[PDB]
Structure formats: C-alpha cells, structure tokens
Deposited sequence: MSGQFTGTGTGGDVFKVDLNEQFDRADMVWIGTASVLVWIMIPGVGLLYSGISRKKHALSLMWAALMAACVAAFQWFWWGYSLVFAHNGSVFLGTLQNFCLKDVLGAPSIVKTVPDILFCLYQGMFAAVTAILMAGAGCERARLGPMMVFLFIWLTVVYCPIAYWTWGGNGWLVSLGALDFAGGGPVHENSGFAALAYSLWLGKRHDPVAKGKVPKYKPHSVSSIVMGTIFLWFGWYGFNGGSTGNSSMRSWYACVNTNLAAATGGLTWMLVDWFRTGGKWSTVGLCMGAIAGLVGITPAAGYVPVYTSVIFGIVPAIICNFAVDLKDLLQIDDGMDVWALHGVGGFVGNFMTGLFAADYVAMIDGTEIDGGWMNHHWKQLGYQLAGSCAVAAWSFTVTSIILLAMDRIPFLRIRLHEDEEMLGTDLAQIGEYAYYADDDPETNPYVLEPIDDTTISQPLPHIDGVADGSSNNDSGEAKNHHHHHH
C-alpha cells in the first residue's frame, strides 16, 4: 500500500509520512533554509573582492539567480537529476514541472521526493550565482538569464546526475563526493575558466606587472558574504547525510575546523609572502577554500584530518591566484581558483582520508580510501574530477561561443576611439551610483 513510485501512494488511504523518521525530515528541511542564504553569500563575496568596479551589482544579482534557478529546477532540473527512471548519464522529463513529486522515498531514502527536491534545489541555486558572478563583467542581463537557464540544464544537471543520481556512473564506480564538491564547486570553477579564456578581458591592467594582488572594492561586503556562507555551510555539509544521526554533527565539526584552519593558513602564507602584513582579504578566501575543500569529504574523514582539508587547499589556491599574472586575465579567475582548484584538491584528498568507520557512524557502507588500504579509491576520485572538469569547460565554452555569434544573445559586448566616445564610456561607468539607480546599468555601445 506504499507503492514506492510516483506519489508514493494514495493520501486518502495512507499516511505517506509513516515511511520516514520525522526528525530526519526536520533536519533536512532546516538545512534547506540554511543553504538558501548561501546564495546572497556568494554575491556579497565576489562583489566585495573585485579589483574592478562591476557595472552589475552581484548582491542584487544573487536574488535574480535565486529566481531563475528555482524556476529551472521546477521546470525540469529536478527531473533531470533525481527522476527514478534515469540512464547512467542523465535523468528524464518524468517529473516535468514537478509532476508526481510527493511522498515516495527519494534516491536518498530517508526523505521523501518533495523534501529532497527542496534541499537539492538550493544546491543548483548556489551554483547559479557562482556562475553568474564568474561572468558578470560587462554582462548584459537578458543574455545572462538565458545563459543560466541553459547552463543549469546541460552542464549542472548531467554532472549532478553522475554524482547523485539513481544509476549515475560515478555512483556506480564508487567515487566519493559527500556534499557535492563536484556539481557545485569544481563544476562552477572550470566553467569560470572557460569564461576567462574566451570572454575575459585580455591584457587586463589590474592583472599585469606590479599591481597589487589584493585590491578590494568592499571589505565589509567580503566579510558579510563569508559570514552567510560559513553559516549556511552547516546545512550544505550537515544535511548531506539525509538524516538526523550523529554523522550529521560529525560533519559539522569537520566543516567548522576546515574553515578555521583554512582562514589561518592563507593569512599566514600572505604574511610570509608580503614580509609581515596581515591580509584581511586572505583570511576570508582561506575560510572559503577550507569550506570548499572539506565539502566532498566532511562525512567520510576523521576529525583530526579535517585540519589538512583547511591547510592544503589554502596553500594551493593562494598560488593558483597568481596565474592571473601569468595570463594577465582577471575576469572569472577568482571563482576558478577557489571553487575549481579547491574542489579538485578536496576531491583528490578524500581518496586519501576516507574511512569506512566514519561512514559507518550512521550505517553507511563504503570500502573507504587509503585509510582502509583501499588504494584504488584515489583513481576513482581522479576519474570523477577529470570528467567534471572536462565536461564543464568544454560545454560552457560551446554555450558562450554559440551565444556570442548571435547578436541579441551575446553576453558581453566585444569592445572592438573617437575621443568623445571614450570620454563618454568612461563617464557612463564612473558616474553610476548602484545605491540609488533604479535600473541595471546595461553595457553601452555606439548606439
């Protein structure tokens, strides 16, 4: 009388709630709310850090992303990731417009479909504002919204299915990704690098010669963003057990400690490299690097190793940021360095420190990693993170370039010398007051 398909049964004849522990559902409902406030967190963070005045306010853009992503998820995003009749590479349109999404056990069986929909939808939205922030410089809004809908559909949704889906080939292969380091962070990072390399401003003056590595538009914005992100990450990582067990709280302790050691580590590196300065921007980026690092690992690794997930990503991401000098590109490179590089490092290290007895805390069964002499685990992590990077860079490139050849879908004006025109363009962007301007400052052309 509980069917385990469609709606899960007839509400007029059964209590669909009897299939689930109530406390499990409450923790996952709460966690969903927490992940949501991470979305403006991303916006405040990349708005503040910018070494350039972005015409588009990313704090505002975070609300736009929340709107676009929620409609995409409802329309067919959810179905494409978490339908029960999927192949090994993709879901279906079976839950188009959330049809029959109710009380059947979700692919995470301790919660029903409708709760898993709510939870996982927040993950797609966080990824959308990361993507929007990566390609925001001189972006046209219309094209940006279209781009996000397309990118969530053909880049986020396939990768998410491989990672989390019923018959996802990475699931079947035995690759570990606790809280979606692959679909969210690694994914958005390498999509950001496609933006940088194809549409980013080349020979950029903020990224060339002896200019300061850190030159923030707004420190108070960076801090507010980091606050929202660290606060929300308890639901992001802690809710990825799908339950109310103590593995949830174990994963929260790991999240806190990786952030803390990441923050301190990056600020220490900067101290050595500057000859004794204390970096305010760097402490914040280090916390984000630890959070990203521990994401694929938080419910799999022992508590004292969570420190390594703060330390090692902070060091490597800190140096990765220097590649902006080498390439002389600024646009999009911060998101690649933190989420792309940090996601890769964290996914790799999970292969080293995953432990079957950490997973077993709530009955979850894994072979483990190098901790349990499971050497081959490292190979499973690499196949995951290489597949994710390859698909993300390639398909994001194809979308950017294809939209670039269509005049009314082009995301960024090509900027391909009238004295009067240059004076006007400068003043157009310089005089704008985002605080009081009721309208988006749309990129301006020769007409």
- Item | Deposited-sequence stretches lacking C-alpha coordinates, listed in sequence order | 1-3, 420-423, 455-486
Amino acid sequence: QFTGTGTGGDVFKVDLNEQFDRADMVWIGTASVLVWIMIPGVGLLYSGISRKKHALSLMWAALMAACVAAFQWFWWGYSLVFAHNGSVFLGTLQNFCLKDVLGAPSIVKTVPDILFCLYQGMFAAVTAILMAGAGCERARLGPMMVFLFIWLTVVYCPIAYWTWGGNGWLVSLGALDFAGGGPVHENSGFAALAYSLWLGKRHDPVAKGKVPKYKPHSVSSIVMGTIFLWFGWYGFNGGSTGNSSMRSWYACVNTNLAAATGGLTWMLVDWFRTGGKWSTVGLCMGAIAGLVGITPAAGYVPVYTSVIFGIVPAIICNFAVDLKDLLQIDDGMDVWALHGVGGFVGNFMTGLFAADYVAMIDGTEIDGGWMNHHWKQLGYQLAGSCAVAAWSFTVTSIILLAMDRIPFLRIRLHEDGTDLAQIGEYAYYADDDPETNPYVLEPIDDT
From here on, numbers count along this sequence of modelled residues.
- Query: Taking the recorded C-alpha temperature factors, which stretch has the higher mean, 374-382 or 22-30?
  - Reply: 374-382
- Avg C-alpha B-factor, entry values, 46-54 vs 417-425, higher side is 417-425
- Query: Quick one: which of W336, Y300, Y250, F89 has the biggest Cα B-factor according to the entry?
  - Reply: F89
- Message: If I read the C-alpha B-factors straight from the PDB entry, which of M59, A66, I398, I37 is highest?
- Response: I398
- Message: Going by the CA temperature factor in the PDB record, which third of the chain does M122 belong to: lowest, middle or highest?
- Response: lowest
- Ordered by C-alpha B-factor within the chain, which third holds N237? Give me lowest, middle or highest, please. lowest
- Message: Test of reading the entry: by CA B factor among the chain's modelled residues, which third contains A258?
- Response: lowest
- Query: Taking the C-alpha B-factors as the PDB entry records them, is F231 in the lowest, middle or highest third of its chain?
  - Reply: lowest
- Query: With respect to C-alpha B-factor, does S172 fall in the lowest, middle or highest third of the chain as deposited?
  - Reply: highest
